[PDB]
file start-v6.pdb (PDB, C-alpha atoms and all ligand atoms)
ATOM      1  CA  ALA A  38      77.618  59.451  43.340
ATOM      2  CA  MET A  39      78.594  62.032  46.045
ATOM      3  CA  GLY A  40      81.707  63.978  44.978
ATOM      4  CA  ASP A  41      84.833  64.456  47.096
ATOM      5  CA  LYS A  42      84.190  68.202  46.705
ATOM      6  CA  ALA A  43      80.687  67.869  48.067
ATOM      7  CA  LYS A  44      81.989  65.884  51.093
ATOM      8  CA  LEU A  45      84.586  68.553  51.917
ATOM      9  CA  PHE A  46      82.021  71.354  51.810
ATOM     10  CA  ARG A  47      79.473  69.449  53.931
ATOM     11  CA  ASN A  48      82.185  68.784  56.495
ATOM     12  CA  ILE A  49      83.183  72.492  56.678
ATOM     13  CA  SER A  50      79.486  73.581  56.793
ATOM     14  CA  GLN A  51      78.948  71.480  59.911
ATOM     15  CA  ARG A  52      81.915  72.902  61.822
ATOM     16  CA  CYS A  53      80.697  76.370  60.901
ATOM     17  CA  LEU A  54      77.145  75.588  62.217
ATOM     18  CA  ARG A  55      78.613  73.760  65.284
ATOM     19  CA  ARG A  56      80.703  76.912  66.144
ATOM     20  CA  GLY A  57      77.364  78.870  65.849
ATOM     21  CA  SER A  58      78.517  80.831  62.727
ATOM     22  CA  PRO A  59      75.734  80.377  60.055
ATOM     23  CA  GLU A  60      76.934  83.409  58.061
ATOM     24  CA  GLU A  61      80.088  81.440  57.106
ATOM     25  CA  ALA A  62      78.246  78.093  56.890
ATOM     26  CA  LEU A  63      76.029  79.573  54.166
ATOM     27  CA  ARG A  64      79.015  80.336  51.908
ATOM     28  CA  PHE A  65      80.047  76.633  51.990
ATOM     29  CA  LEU A  66      76.550  75.179  51.750
ATOM     30  CA  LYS A  67      76.234  77.143  48.483
ATOM     31  CA  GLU A  68      79.419  75.378  47.295
ATOM     32  CA  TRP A  69      78.067  71.957  48.187
ATOM     33  CA  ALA A  70      74.987  72.953  46.178
ATOM     34  CA  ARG A  71      77.095  74.105  43.208
ATOM     35  CA  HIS A  72      78.742  70.680  42.895
ATOM     36  CA  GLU A  73      75.838  68.343  43.827
ATOM     37  CA  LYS A  74      73.021  70.289  42.107
ATOM     38  CA  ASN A  75      69.634  68.625  42.520
ATOM     39  CA  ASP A  76      70.754  67.187  45.911
ATOM     40  CA  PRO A  77      68.089  68.703  48.127
ATOM     41  CA  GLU A  78      70.148  68.412  51.344
ATOM     42  CA  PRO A  79      72.446  71.445  50.933
ATOM     43  CA  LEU A  80      69.410  73.571  50.047
ATOM     44  CA  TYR A  81      67.514  72.298  53.098
ATOM     45  CA  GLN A  82      70.554  73.295  55.255
ATOM     46  CA  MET A  83      70.809  76.754  53.611
ATOM     47  CA  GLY A  84      67.160  77.221  54.584
ATOM     48  CA  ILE A  85      67.929  76.458  58.223
ATOM     49  CA  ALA A  86      70.878  78.865  58.310
ATOM     50  CA  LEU A  87      68.928  81.628  56.618
ATOM     51  CA  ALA A  88      66.148  81.213  59.204
ATOM     52  CA  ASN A  89      68.629  81.465  62.156
ATOM     53  CA  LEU A  90      70.129  84.604  60.585
ATOM     54  CA  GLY A  91      66.581  85.990  60.369
ATOM     55  CA  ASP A  92      66.457  86.365  56.560
ATOM     56  CA  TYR A  93      63.069  84.634  56.698
ATOM     57  CA  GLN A  94      61.809  85.624  53.242
ATOM     58  CA  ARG A  95      64.995  84.180  51.660
ATOM     59  CA  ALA A  96      64.607  81.027  53.799
ATOM     60  CA  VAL A  97      61.101  80.404  52.428
ATOM     61  CA  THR A  98      62.497  80.766  48.883
ATOM     62  CA  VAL A  99      65.180  78.097  49.499
ATOM     63  CA  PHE A 100      62.705  75.759  51.244
ATOM     64  CA  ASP A 101      60.604  76.089  48.082
ATOM     65  CA  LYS A 102      63.605  74.975  45.994
ATOM     66  CA  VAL A 103      63.993  71.873  48.167
ATOM     67  CA  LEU A 104      60.215  71.196  47.922
ATOM     68  CA  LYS A 105      60.318  71.506  44.119
ATOM     69  CA  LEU A 106      62.958  68.721  44.228
ATOM     70  CA  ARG A 107      61.152  66.617  46.893
ATOM     71  CA  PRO A 108      57.434  67.521  47.078
ATOM     72  CA  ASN A 109      56.972  65.472  50.275
ATOM     73  CA  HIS A 110      60.131  66.724  52.081
ATOM     74  CA  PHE A 111      58.462  66.706  55.431
ATOM     75  CA  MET A 112      61.082  68.703  57.388
ATOM     76  CA  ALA A 113      61.236  71.299  54.617
ATOM     77  CA  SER A 114      57.476  71.931  54.948
ATOM     78  CA  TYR A 115      57.732  71.996  58.762
ATOM     79  CA  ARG A 116      60.370  74.751  58.752
ATOM     80  CA  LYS A 117      58.757  76.702  55.931
ATOM     81  CA  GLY A 118      55.470  76.664  57.882
ATOM     82  CA  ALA A 119      57.294  77.771  61.018
ATOM     83  CA  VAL A 120      58.937  80.832  59.348
ATOM     84  CA  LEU A 121      55.722  81.680  57.479
ATOM     85  CA  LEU A 122      54.155  81.935  60.961
ATOM     86  CA  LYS A 123      57.010  84.153  62.334
ATOM     87  CA  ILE A 124      56.609  86.418  59.262
ATOM     88  CA  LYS A 125      52.842  86.593  60.061
ATOM     89  CA  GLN A 126      51.842  85.108  56.668
ATOM     90  CA  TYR A 127      49.157  83.035  58.408
ATOM     91  CA  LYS A 128      46.891  82.125  55.415
ATOM     92  CA  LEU A 129      49.785  80.632  53.490
ATOM     93  CA  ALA A 130      51.266  78.827  56.518
ATOM     94  CA  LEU A 131      47.959  76.972  57.081
ATOM     95  CA  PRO A 132      48.064  74.506  54.129
ATOM     96  CA  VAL A 133      51.770  73.877  54.795
ATOM     97  CA  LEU A 134      51.381  73.097  58.494
ATOM     98  CA  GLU A 135      48.190  71.075  57.833
ATOM     99  CA  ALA A 136      50.313  68.840  55.570
ATOM    100  CA  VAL A 137      52.972  68.449  58.286
ATOM    101  CA  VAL A 138      50.327  67.241  60.743
ATOM    102  CA  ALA A 139      49.028  64.759  58.140
ATOM    103  CA  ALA A 140      52.576  63.337  57.848
ATOM    104  CA  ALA A 141      53.210  63.381  61.589
ATOM    105  CA  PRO A 142      49.882  63.181  63.361
ATOM    106  CA  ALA A 143      51.346  62.815  66.861
ATOM    107  CA  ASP A 144      53.763  65.757  66.603
ATOM    108  CA  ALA A 145      52.354  68.013  69.340
ATOM    109  CA  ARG A 146      54.408  70.984  68.193
ATOM    110  CA  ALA A 147      53.136  70.836  64.594
ATOM    111  CA  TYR A 148      49.580  71.151  65.945
ATOM    112  CA  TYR A 149      50.675  74.085  68.143
ATOM    113  CA  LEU A 150      52.096  76.036  65.186
ATOM    114  CA  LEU A 151      48.984  75.110  63.250
ATOM    115  CA  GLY A 152      46.794  76.535  66.035
ATOM    116  CA  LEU A 153      48.817  79.756  66.097
ATOM    117  CA  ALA A 154      48.426  80.076  62.304
ATOM    118  CA  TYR A 155      44.626  79.567  62.505
ATOM    119  CA  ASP A 156      44.451  81.989  65.410
ATOM    120  CA  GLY A 157      46.373  84.607  63.445
ATOM    121  CA  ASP A 158      43.939  84.112  60.514
ATOM    122  CA  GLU A 159      40.976  84.849  62.862
ATOM    123  CA  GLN A 160      39.760  81.272  62.690
ATOM    124  CA  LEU A 161      39.497  81.180  66.446
ATOM    125  CA  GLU A 162      37.520  77.928  66.611
ATOM    126  CA  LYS A 163      39.939  75.953  64.380
ATOM    127  CA  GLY A 164      42.859  77.398  66.365
ATOM    128  CA  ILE A 165      41.317  75.977  69.545
ATOM    129  CA  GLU A 166      40.777  72.585  67.856
ATOM    130  CA  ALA A 167      44.484  72.417  66.933
ATOM    131  CA  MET A 168      45.947  73.716  70.182
ATOM    132  CA  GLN A 169      43.686  71.226  72.002
ATOM    133  CA  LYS A 170      45.289  68.423  69.966
ATOM    134  CA  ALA A 171      48.745  69.707  71.019
ATOM    135  CA  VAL A 172      47.727  69.761  74.690
ATOM    136  CA  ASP A 173      46.414  66.186  74.448
ATOM    137  CA  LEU A 174      49.596  65.085  72.662
ATOM    138  CA  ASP A 175      51.869  66.709  75.305
ATOM    139  CA  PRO A 176      49.994  67.725  78.490
ATOM    140  CA  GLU A 177      53.156  68.607  80.447
ATOM    141  CA  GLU A 178      54.070  71.483  78.067
ATOM    142  CA  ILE A 179      53.207  74.866  79.571
ATOM    143  CA  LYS A 180      53.124  76.944  76.343
ATOM    144  CA  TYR A 181      50.179  74.939  74.946
ATOM    145  CA  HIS A 182      48.058  75.481  78.085
ATOM    146  CA  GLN A 183      48.944  79.225  78.038
ATOM    147  CA  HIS A 184      47.678  79.703  74.476
ATOM    148  CA  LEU A 185      44.585  77.501  74.871
ATOM    149  CA  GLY A 186      43.736  79.601  77.928
ATOM    150  CA  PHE A 187      43.942  82.869  76.018
ATOM    151  CA  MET A 188      42.058  81.446  73.025
ATOM    152  CA  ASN A 189      39.246  80.585  75.481
ATOM    153  CA  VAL A 190      39.428  84.125  76.917
ATOM    154  CA  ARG A 191      39.017  85.599  73.402
ATOM    155  CA  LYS A 192      35.854  83.450  72.907
ATOM    156  CA  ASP A 193      34.489  84.542  76.401
ATOM    157  CA  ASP A 194      34.564  81.032  77.945
ATOM    158  CA  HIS A 195      36.337  82.214  81.137
ATOM    159  CA  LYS A 196      35.536  78.876  82.893
ATOM    160  CA  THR A 197      37.664  76.778  80.494
ATOM    161  CA  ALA A 198      40.248  79.588  80.387
ATOM    162  CA  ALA A 199      40.552  79.432  84.198
ATOM    163  CA  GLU A 200      41.003  75.636  84.045
ATOM    164  CA  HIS A 201      43.922  75.940  81.674
ATOM    165  CA  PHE A 202      45.684  78.775  83.515
ATOM    166  CA  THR A 203      45.375  76.936  86.867
ATOM    167  CA  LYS A 204      47.122  74.058  85.114
ATOM    168  CA  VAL A 205      49.748  76.539  83.747
ATOM    169  CA  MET A 206      50.703  77.362  87.312
ATOM    170  CA  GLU A 207      50.608  73.780  88.661
ATOM    171  CA  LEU A 208      53.161  73.069  85.932
ATOM    172  CA  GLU A 209      55.261  76.107  87.065
ATOM    173  CA  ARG A 210      55.271  75.159  90.799
ATOM    174  CA  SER A 211      56.199  71.657  89.574
ATOM    175  CA  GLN A 212      59.293  72.954  87.587
ATOM    176  CA  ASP A 213      61.109  73.953  90.876
ATOM    177  CA  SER A 214      60.223  70.479  92.401
TER     178      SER A 214
HETATM  179 CL    CL B 301      47.174  82.938  71.815
END
call {"tool": "encode", "arguments": {"input": "start-v6.pdb", "output": "structure tokens"}}
result
Amino acid sequence: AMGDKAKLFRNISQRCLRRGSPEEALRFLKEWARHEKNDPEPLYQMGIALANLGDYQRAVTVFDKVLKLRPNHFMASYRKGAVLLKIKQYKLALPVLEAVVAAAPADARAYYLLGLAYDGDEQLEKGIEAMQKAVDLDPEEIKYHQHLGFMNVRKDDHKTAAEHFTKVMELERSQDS
């Protein structure tokens, strides 16, 4: 069922993304979409390009189109959640990211973005919960110890904050050796 036209445009879109030129890639992803309408994949790709170009509000709108077509499109929720966070729309990113983690309950990064969303919404305790899951799921990652440390600072538990920051540095000494 995939047209020759659709194949051509996909092919050109990929070269344009692979030569780091998403401005051009967009023009051709829109063509793929024109021909295979209701294929969510070109829309999903448009979303990615739009997010690299930093037109975040437009990227959310396209990710919503793909989610209207495939309500459980798990990557489409992931990336929507991740730009909703960058935009600082924390309240609206929370249900999205919480759905990603239900699909992918060992994805450390999902839980990190979730913690940052909760933290931004002044749900400090739920932010700590989530970041703690990310640290347990990937204890070598430095970012997750950094944030968990500061979250503990904000709650005036300077003991547990210290613990995490000491670990932050052990990781840093260990990335030269
Ligand atoms: Cl933080």
call {"tool": "resolve_selection", "arguments": {"input": "start-v6.pdb", "expression": "the PyMOL selection byres (((chain A and resi 61) around 12) and not hetatm)", "output": "count of residues only"}}
result
24
call {"tool": "closest_residue", "arguments": {"input": "start-v6.pdb", "among": "A:179, A:147, A:154, A:139", "to": "residue 123 of chain A", "atoms": "only C-alpha atoms"}}
result
A:154
call {"tool": "resolve_selection", "arguments": {"input": "start-v6.pdb", "expression": "the PyMOL selection byres (((chain A and resi 81) around 8) and not hetatm)", "output": "mmCIF file with C-alpha atoms, in the frame of the given file"}}
result
data_model
loop_
_atom_site.group_PDB
_atom_site.id
_atom_site.type_symbol
_atom_site.label_atom_id
_atom_site.label_comp_id
_atom_site.auth_asym_id
_atom_site.auth_seq_id
_atom_site.Cartn_x
_atom_site.Cartn_y
_atom_site.Cartn_z
ATOM 1 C CA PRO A 77 68.089 68.703 48.127
ATOM 2 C CA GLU A 78 70.148 68.412 51.344
ATOM 3 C CA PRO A 79 72.446 71.445 50.933
ATOM 4 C CA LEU A 80 69.410 73.571 50.047
ATOM 5 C CA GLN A 82 70.554 73.295 55.255
ATOM 6 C CA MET A 83 70.809 76.754 53.611
ATOM 7 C CA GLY A 84 67.160 77.221 54.584
ATOM 8 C CA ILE A 85 67.929 76.458 58.223
ATOM 9 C CA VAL A 99 65.180 78.097 49.499
ATOM 10 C CA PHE A 100 62.705 75.759 51.244
ATOM 11 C CA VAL A 103 63.993 71.873 48.167
ATOM 12 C CA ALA A 113 61.236 71.299 54.617
#
call {"tool": "atom_distance", "arguments": {"input": "start-v6.pdb", "atom1": "atom CA of residue 169 of chain A", "atom2": "atom CA of residue 128 of chain A"}}
result
20.1 Å
call {"tool": "closest_residue", "arguments": {"input": "start-v6.pdb", "among": "A:156, A:117, A:170, A:125", "to": "residue 191 of chain A", "atoms": "all atoms listed in the file"}}
result
A:156
call {"tool": "resolve_selection", "arguments": {"input": "start-v6.pdb", "expression": "the PyMOL selection byres (((not hetatm)) within 12 of (chain B and resi 301))", "output": "NGL selection string"}}
result
:A and (149-161 or 164-165 or 167-168 or 180-192 or 198)
call {"tool": "write_last_selection", "arguments": {"input": "start-v6.pdb", "atoms": "C-alpha atoms", "output": "PDB file, keeping the file's coordinate frame"}}
result
ATOM      1  CA  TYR A 149      50.675  74.085  68.143  1.00  0.00           C
ATOM      2  CA  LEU A 150      52.096  76.036  65.186  1.00  0.00           C
ATOM      3  CA  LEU A 151      48.984  75.110  63.250  1.00  0.00           C
ATOM      4  CA  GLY A 152      46.794  76.535  66.035  1.00  0.00           C
ATOM      5  CA  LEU A 153      48.817  79.756  66.097  1.00  0.00           C
ATOM      6  CA  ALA A 154      48.426  80.076  62.304  1.00  0.00           C
ATOM      7  CA  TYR A 155      44.626  79.567  62.505  1.00  0.00           C
ATOM      8  CA  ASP A 156      44.451  81.989  65.410  1.00  0.00           C
ATOM      9  CA  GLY A 157      46.373  84.607  63.445  1.00  0.00           C
ATOM     10  CA  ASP A 158      43.939  84.112  60.514  1.00  0.00           C
ATOM     11  CA  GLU A 159      40.976  84.849  62.862  1.00  0.00           C
ATOM     12  CA  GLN A 160      39.760  81.272  62.690  1.00  0.00           C
ATOM     13  CA  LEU A 161      39.497  81.180  66.446  1.00  0.00           C
ATOM     14  CA  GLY A 164      42.859  77.398  66.365  1.00  0.00           C
ATOM     15  CA  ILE A 165      41.317  75.977  69.545  1.00  0.00           C
ATOM     16  CA  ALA A 167      44.484  72.417  66.933  1.00  0.00           C
ATOM     17  CA  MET A 168      45.947  73.716  70.182  1.00  0.00           C
ATOM     18  CA  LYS A 180      53.124  76.944  76.343  1.00  0.00           C
ATOM     19  CA  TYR A 181      50.179  74.939  74.946  1.00  0.00           C
ATOM     20  CA  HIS A 182      48.058  75.481  78.085  1.00  0.00           C
ATOM     21  CA  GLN A 183      48.944  79.225  78.038  1.00  0.00           C
ATOM     22  CA  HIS A 184      47.678  79.703  74.476  1.00  0.00           C
ATOM     23  CA  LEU A 185      44.585  77.501  74.871  1.00  0.00           C
ATOM     24  CA  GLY A 186      43.736  79.601  77.928  1.00  0.00           C
ATOM     25  CA  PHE A 187      43.942  82.869  76.018  1.00  0.00           C
ATOM     26  CA  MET A 188      42.058  81.446  73.025  1.00  0.00           C
ATOM     27  CA  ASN A 189      39.246  80.585  75.481  1.00  0.00           C
ATOM     28  CA  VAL A 190      39.428  84.125  76.917  1.00  0.00           C
ATOM     29  CA  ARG A 191      39.017  85.599  73.402  1.00  0.00           C
ATOM     30  CA  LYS A 192      35.854  83.450  72.907  1.00  0.00           C
ATOM     31  CA  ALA A 198      40.248  79.588  80.387  1.00  0.00           C
TER      32      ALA A 198
END
call {"tool": "atom_distance", "arguments": {"input": "start-v6.pdb", "atom1": "atom CA of residue 131 of chain A", "atom2": "atom CA of residue 109 of chain A"}}
result
16.1 Å
call {"tool": "closest_residue", "arguments": {"input": "start-v6.pdb", "among": "A:172, A:97, A:39, A:106", "to": "residue 126 of chain A", "atoms": "only C-alpha atoms"}}
result
A:97
call {"tool": "axis_aligned_box", "arguments": {"input": "start-v6.pdb", "around": "segment 118-126 of chain A", "padding_each_side": "4 Å", "output": "JSON"}}
result
{"center_x": 55.4, "center_y": 81.6, "center_z": 59.5, "size_x": 15.1, "size_y": 17.9, "size_z": 13.7}
call {"tool": "closest_residue", "arguments": {"input": "start-v6.pdb", "among": "A:43, A:136, A:145, A:199", "to": "residue 178 of chain A", "atoms": "all atoms listed in the file"}}
result
A:145
call {"tool": "atom_distance", "arguments": {"input": "start-v6.pdb", "atom1": "atom CA of residue 69 of chain A", "atom2": "atom CA of residue 89 of chain A"}}
result
19.4 Å
call {"tool": "decode", "arguments": {"input": "start-v6.pdb", "residues": "segment 45-62 of chain A", "atoms": "N, CA, C and O atoms", "output": "CSV table (one decimal), in the first residue's frame"}}
result
chain,number,residue,atom,x,y,z
A,45,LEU,N,10.0,7.8,-2.4
A,45,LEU,CA,10.9,8.8,-2.8
A,45,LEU,C,11.1,9.9,-1.8
A,45,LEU,O,12.2,10.2,-1.4
A,46,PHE,N,10.0,10.4,-1.2
A,46,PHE,CA,10.0,11.5,-0.3
A,46,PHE,C,10.6,11.1,1.1
A,46,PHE,O,11.4,11.9,1.6
A,47,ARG,N,10.3,9.9,1.5
A,47,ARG,CA,11.0,9.3,2.7
A,47,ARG,C,12.5,9.3,2.5
A,47,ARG,O,13.2,9.8,3.4
A,48,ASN,N,12.9,8.8,1.4
A,48,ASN,CA,14.3,8.6,1.1
A,48,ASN,C,15.0,10.0,1.1
A,48,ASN,O,16.1,10.1,1.7
A,49,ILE,N,14.4,11.0,0.5
A,49,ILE,CA,15.0,12.4,0.5
A,49,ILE,C,15.0,13.0,1.9
A,49,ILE,O,16.0,13.6,2.2
A,50,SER,N,13.9,12.8,2.6
A,50,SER,CA,13.9,13.3,4.0
A,50,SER,C,15.0,12.8,4.9
A,50,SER,O,15.5,13.6,5.7
A,51,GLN,N,15.4,11.6,4.7
A,51,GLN,CA,16.5,10.9,5.5
A,51,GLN,C,17.8,11.5,5.2
A,51,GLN,O,18.6,11.8,6.1
A,52,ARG,N,18.2,11.7,3.9
A,52,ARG,CA,19.4,12.4,3.5
A,52,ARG,C,19.5,13.8,4.1
A,52,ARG,O,20.5,14.2,4.5
A,53,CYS,N,18.3,14.5,4.1
A,53,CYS,CA,18.2,15.8,4.5
A,53,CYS,C,18.5,15.9,6.1
A,53,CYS,O,19.2,16.8,6.5
A,54,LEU,N,17.9,14.9,6.8
A,54,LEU,CA,18.2,14.8,8.3
A,54,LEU,C,19.6,14.3,8.6
A,54,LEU,O,20.2,14.8,9.5
A,55,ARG,N,20.1,13.4,7.7
A,55,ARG,CA,21.5,12.8,7.9
A,55,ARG,C,22.6,13.8,7.5
A,55,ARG,O,23.7,13.6,7.9
A,56,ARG,N,22.3,14.8,6.6
A,56,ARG,CA,23.2,16.0,6.4
A,56,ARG,C,22.7,17.2,7.4
A,56,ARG,O,22.9,18.4,7.0
A,57,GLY,N,22.2,16.9,8.6
A,57,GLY,CA,21.8,17.8,9.6
A,57,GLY,C,21.0,19.1,9.1
A,57,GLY,O,21.3,20.2,9.7
A,58,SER,N,20.1,18.9,8.2
A,58,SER,CA,19.4,20.1,7.5
A,58,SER,C,17.8,19.9,7.7
A,58,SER,O,17.1,19.6,6.7
A,59,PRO,N,17.3,19.9,8.9
A,59,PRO,CA,15.9,19.7,9.1
A,59,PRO,C,14.9,20.7,8.5
A,59,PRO,O,13.7,20.3,8.4
A,60,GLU,N,15.4,21.9,8.2
A,60,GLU,CA,14.6,22.9,7.5
A,60,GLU,C,14.1,22.3,6.2
A,60,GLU,O,12.9,22.4,5.8
A,61,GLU,N,15.0,21.7,5.4
A,61,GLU,CA,14.7,21.1,4.1
A,61,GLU,C,13.9,19.8,4.3
A,61,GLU,O,12.9,19.6,3.6
A,62,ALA,N,14.4,19.0,5.2
A,62,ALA,CA,13.7,17.7,5.5
A,62,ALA,C,12.2,17.9,5.7
A,62,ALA,O,11.4,17.1,5.2
